[PDB]
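Next come structure tokens for two forms of one protein chain, structure 1 first, structure 2 second.
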Structure 1
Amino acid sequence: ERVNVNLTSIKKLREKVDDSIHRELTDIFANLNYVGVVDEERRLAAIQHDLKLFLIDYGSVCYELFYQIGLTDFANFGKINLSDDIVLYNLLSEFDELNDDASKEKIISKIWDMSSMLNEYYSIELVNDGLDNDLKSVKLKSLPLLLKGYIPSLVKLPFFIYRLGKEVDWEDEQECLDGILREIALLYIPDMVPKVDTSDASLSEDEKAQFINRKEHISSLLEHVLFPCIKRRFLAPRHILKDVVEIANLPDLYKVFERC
């Protein structure tokens, strides 16, 4: 059962996206042939379109993809349900900028005040055990399910709550709703895997193995989940033209190996 969204803020945000879509750039994605990961740190992958080979910033593509799924599926999201507990006040302890209770509680308050809105339109379920005054017991029950078979990495979750309060403008409908979509998209994008020197003898076997496992995971994620979705529904905006670079024209390469 799909609910009709007649908000002017959502209509104007959709027009902004529709007007920004680059027809030729979208065609490259619509008919892509995924090759594999080029750089896990800089979030670069290789694809083939026609007989041309392209270098793609998948972190940028996924950002735009999840923002678009967010706008399209607004107020119609499935939920990702969460021994293990998730307390917002505990998540904000990672930041040294929030040294006082007033700074941390201001973030939680902004979110908690608009909990009905966040749960209805974004499926960001916020539950508090005690009374409405206690911000220390405010918990996150569920997150929106933007893509079937995809679960976002909760490494970026403390940053999502921090930016939900500090970065989102809750004083304007269009800026608030646009900001929440941007924060979900940023949380949903696959993590950067920073470069670890495998040849360095000083590093432990645990750090080397986990780096390999993190690389295998992103590779498996882009191939089986992210790129089939990018190929199926991604609409390329004009500003992503710099994040799509031609690295080879394969017909020009055939002549080099033609006569063996």
Structure 2
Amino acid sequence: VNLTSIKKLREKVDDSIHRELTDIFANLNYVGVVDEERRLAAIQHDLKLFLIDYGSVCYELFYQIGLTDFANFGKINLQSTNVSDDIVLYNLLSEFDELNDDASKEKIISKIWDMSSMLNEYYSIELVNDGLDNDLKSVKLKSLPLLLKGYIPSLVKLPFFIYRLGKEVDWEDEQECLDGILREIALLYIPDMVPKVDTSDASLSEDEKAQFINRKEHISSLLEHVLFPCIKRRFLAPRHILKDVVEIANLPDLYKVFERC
């Protein structure tokens, strides 16, 4: 990449790298998911068992991938032959009751839409217009960047992605704008928070159960087969993440209580 801006952000990542914490992720032995809601996963490093907040780790991971593949991303083609399945930006912003007028939703879509040439070129965030060019209510999301092979992010957080792209990104400053978009992509990419559902409660429906069980399975499989192997292979741990990694048990201490028959 020809850019002066991306290099400053890559240097900023390099300055925050924690050598010892990076070694912990480089040599992790994946144990499993502890909490799908709070997003806690357990890993083994040498003689220790760690409780990790994978919301925080995926955030930096996807941010780092975004930084590395900037202007050279593959695409997740979001459109099918089913036109009714299209992702309309106006429809997404309707999740926000504070955007109580068509104009306030149109304000957000206008900025995003005028920046569509670069959003597509640099980020692989492709926006299309189905009707007349000035119809913001018919502005659509056709592609998203493909950050990790085998990974397709959940689109449940698309409303937040559009709302924050339209309100949080500082479009006026080249560096802050670029950083801001990569941050938004990273935020959308983090696996969802799966709230806990009581499987013993006869009060809750039969269909709501196997659906929680499917979400619980999808994340365990995602973390185990896609995410943790990527984390283990390329993750650079910033020092601000030490609060997100916590030692919970150590083999020397466990082996003083648990003994052979």
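Just so we're on the same page, residue numbers count up from 1 along structure 1's sequence. Only the largest set of C-alpha atoms that superpose within 1.5 Å between the two forms is called the rigid core.
> Superposing on the core, which single option in 120, 100, 172, 129 has a CA shift of 2 Å or more between structure 1 and structure 2?
It is 129; the other listed residues stay below 2 Å.
> For residue 199, what C-alpha shift in Å results between structure 1 and structure 2 following superposition on the rigid core?
Here residue 199 registers a C-alpha shift of 2.3 Å.
> Let me know the CA shift of residue 41 between structure 1 and structure 2 in Å, rounded to one decimal, core fitted.
Comparing between structure 1 and structure 2 after core fitting, residue 41 shifts 0.8 Å at its C-alpha.
> After lining up the core, report the Cα displacement of residue 253 between structure 1 and structure 2 in Å, one decimal place.
Looking at the C-alpha of residue 253 between structure 1 and structure 2, the offset is 1.3 Å.
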